[PDB]
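Chemist: Just dropping this structure here.
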Amino acid sequence: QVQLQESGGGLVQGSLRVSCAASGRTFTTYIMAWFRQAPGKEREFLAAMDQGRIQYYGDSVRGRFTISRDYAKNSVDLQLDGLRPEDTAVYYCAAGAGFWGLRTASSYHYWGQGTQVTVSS
Amino acid sequence: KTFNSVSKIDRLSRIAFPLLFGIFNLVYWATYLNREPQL
Ligand SMILES: CCCCCCCC(=O)OC[C@H](COP(=O)(O)O[C@@H]1[C@H](O)[C@H](O)[C@@H](OP(=O)(O)O)[C@H](OP(=O)(O)O)[C@H]1O)OC(=O)CCCCCCC
Ligand SMILES: CCCCCCCCCCCC(=O)OC[C@H](COP(=O)([O-])O)OC(=O)CCCCCCCCCCC
Ligand SMILES: CCCCCCCCCC
């Protein structure tokens, strides 16, 4: 059975690094992505990285968040810099084939449990 | 001169094998046809 563990901090005043490790399936040939869900708002696409090491970013978080992948360890990491109060949300790791997507959540079949992140001024 | 009776194994297999094969086809096609993402 496939699992996507996540790890990272919960509260910042700010820089952070949220990591995601996959088990039960090698995602070398899949796109690994990070999504974000704030309270009440719908799930939105933060970043994605492809087998060709090509990186796609959302407009809201272009130039701030940096996605990377460790293919040997089967993991995807997201470095977060320039945090703001509206960045408070649950951050989700996902893996998929990118059918009709690379930006739609429906294209990703495997999802992590989510990690809370909060920014306090 | 006695004769062999019709095998009850055959009698119940006639109803079992087609029935199980049809149920398998139902489950297989149902669980595999509707699998892709949609817009
Ligand atoms: C598809 C499986 C379905 C199993 C259905 C299971 C149905 C079931 O259990 O029936 C008993 C069966 C034999 O039944 P079967 O109809 O073939 O044999 C007749 C009858 O059962 C008696 O053996 C005989 O009567 P009697 O004793 O002399 O009075 C009669 O002799 P006659 O009339 O010719 O003179 C035989 O013709 O043998 C098993 O142990 C099953 C092993 C199954 C193992 C199956 C492994 C795949
Ligand atoms: C008699 C059958 C009645 C119905 C049983 C259930 C039918 C299932 C249809 C196929 C469902 C499916 O998606 O595949 C299930 C698994 C393989 O799973 P996966 O590896 O594709 O995730 O596929 C399998 O492991 C095989 C499924 C069928 C069970 C074995 C039937 C053997 C019949 C022998 C003669 C009686
Ligand atoms: C017993 C016959 C079951 C048929 C299942 C598949 C029908 C095709 C649906 C597109």
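Ordering of the structure tokens sets the chain letters (A, B, ...), residue numbers begin anew at 1 in every chain, and ligands are numbered from 1 in the order given.
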Within 12 Å of chain A, which residues of chain B show up when using only C-alpha atoms, listed as a list in words?

Modeler: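 That gives residues 35, 36, 37, 38 and 39 of chain B for chain B.
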
Chemist: Any idea what's packed within 6 Å of region 2-15 of chain A, counting only C-alpha atoms, ignoring anything in its chain fewer than 4 positions away? Could you give it as a ChimeraX atom specification?

Modeler: /A:19-24,80-81,83,112,116-121

Chemist: Check every protein, DNA and RNA residue against ligand 3, keep those with an atom at most 8 Å away (counting only C-alpha atoms and all ligand atoms), and present them as an NGL selection string.

Modeler: :B and (22-23 or 25-30 or 33)

Chemist: Could you make a table, as a tab-separated table, of the residues of chain B that have an atom within 9 Å of an atom of ligand 1, each with its nearest atom pair and distance in Å to one decimal, counting only C-alpha atoms and all ligand atoms, in chain and number order?

Modeler:
residue	atom	partner	partner_atom_place_in_ligand_line	distance
B:2	CA	ligand 1	35 (O)	7.1
B:3	CA	ligand 1	34 (O)	6.3
B:4	CA	ligand 1	34 (O)	3.4
B:5	CA	ligand 1	33 (O)	4.0
B:6	CA	ligand 1	16 (O)	6.4
B:7	CA	ligand 1	16 (O)	3.5
B:8	CA	ligand 1	16 (O)	4.2
B:9	CA	ligand 1	5 (C)	4.5
B:10	CA	ligand 1	1 (C)	7.4
B:11	CA	ligand 1	16 (O)	8.5
B:12	CA	ligand 1	3 (C)	6.9
B:13	CA	ligand 1	1 (C)	5.6
B:16	CA	ligand 1	1 (C)	8.1
B:17	CA	ligand 1	1 (C)	8.3

Chemist: Export N, CA and C atoms of the chosen residues as a PDB file, in the first residue's frame?

Modeler:
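And here's selection.pdb as it stands now:
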ATOM      1  N   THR B   2     -26.598 -52.330 -14.478  1.00  0.00           N
ATOM      2  CA  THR B   2     -26.732 -50.974 -13.974  1.00  0.00           C
ATOM      3  C   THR B   2     -25.982 -49.999 -14.878  1.00  0.00           C
ATOM      4  N   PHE B   3     -26.276 -48.710 -14.698  1.00  0.00           N
ATOM      5  CA  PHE B   3     -25.690 -47.651 -15.508  1.00  0.00           C
ATOM      6  C   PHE B   3     -25.267 -46.499 -14.609  1.00  0.00           C
ATOM      7  N   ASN B   4     -24.288 -45.735 -15.082  1.00  0.00           N
ATOM      8  CA  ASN B   4     -23.810 -44.583 -14.334  1.00  0.00           C
ATOM      9  C   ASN B   4     -24.889 -43.514 -14.241  1.00  0.00           C
ATOM     10  N   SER B   5     -25.003 -42.909 -13.063  1.00  0.00           N
ATOM     11  CA  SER B   5     -25.874 -41.760 -12.881  1.00  0.00           C
ATOM     12  C   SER B   5     -25.160 -40.490 -13.327  1.00  0.00           C
ATOM     13  N   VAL B   6     -25.950 -39.487 -13.709  1.00  0.00           N
ATOM     14  CA  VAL B   6     -25.381 -38.213 -14.133  1.00  0.00           C
ATOM     15  C   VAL B   6     -24.686 -37.562 -12.947  1.00  0.00           C
ATOM     16  N   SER B   7     -23.454 -37.109 -13.161  1.00  0.00           N
ATOM     17  CA  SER B   7     -22.637 -36.608 -12.064  1.00  0.00           C
ATOM     18  C   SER B   7     -23.215 -35.313 -11.507  1.00  0.00           C
ATOM     19  N   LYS B   8     -23.442 -35.289 -10.192  1.00  0.00           N
ATOM     20  CA  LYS B   8     -23.904 -34.062  -9.553  1.00  0.00           C
ATOM     21  C   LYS B   8     -22.843 -32.972  -9.620  1.00  0.00           C
ATOM     22  N   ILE B   9     -21.565 -33.359  -9.677  1.00  0.00           N
ATOM     23  CA  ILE B   9     -20.500 -32.386  -9.902  1.00  0.00           C
ATOM     24  C   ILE B   9     -20.733 -31.659 -11.218  1.00  0.00           C
ATOM     25  N   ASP B  10     -21.014 -32.414 -12.284  1.00  0.00           N
ATOM     26  CA  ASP B  10     -21.320 -31.797 -13.571  1.00  0.00           C
ATOM     27  C   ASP B  10     -22.591 -30.962 -13.488  1.00  0.00           C
ATOM     28  N   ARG B  11     -23.614 -31.481 -12.801  1.00  0.00           N
ATOM     29  CA  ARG B  11     -24.900 -30.791 -12.746  1.00  0.00           C
ATOM     30  C   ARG B  11     -24.766 -29.416 -12.106  1.00  0.00           C
ATOM     31  N   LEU B  12     -24.019 -29.321 -11.004  1.00  0.00           N
ATOM     32  CA  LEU B  12     -23.833 -28.029 -10.356  1.00  0.00           C
ATOM     33  C   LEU B  12     -22.744 -27.192 -11.017  1.00  0.00           C
ATOM     34  N   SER B  13     -21.778 -27.817 -11.699  1.00  0.00           N
ATOM     35  CA  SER B  13     -20.783 -27.044 -12.432  1.00  0.00           C
ATOM     36  C   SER B  13     -21.407 -26.313 -13.609  1.00  0.00           C
ATOM     37  N   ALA B  16     -22.544 -23.293 -12.026  1.00  0.00           N
ATOM     38  CA  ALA B  16     -21.535 -22.536 -11.296  1.00  0.00           C
ATOM     39  C   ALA B  16     -20.569 -21.827 -12.238  1.00  0.00           C
ATOM     40  N   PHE B  17     -19.943 -22.573 -13.154  1.00  0.00           N
ATOM     41  CA  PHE B  17     -18.861 -22.004 -13.958  1.00  0.00           C
ATOM     42  C   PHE B  17     -19.309 -20.812 -14.796  1.00  0.00           C
TER      43      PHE B  17
END

Chemist: So how many Å separate CA of residue 96 (chain A) and CA of residue 29 (chain A), to one decimal?

Modeler: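 Here the two named atoms are 9.2 Å from each other.
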
Chemist: Report as JSON, numbers by chain all protein, DNA and RNA residues lying within 12 Å of residue 70 (chain A), evaluated on only C-alpha atoms, omitting residues in the same chain fewer than 3 positions from it.

Modeler: {"A": [19, 20, 21, 22, 26, 27, 28, 32, 49, 50, 51, 53, 67, 73, 74, 75, 76, 77, 78]}
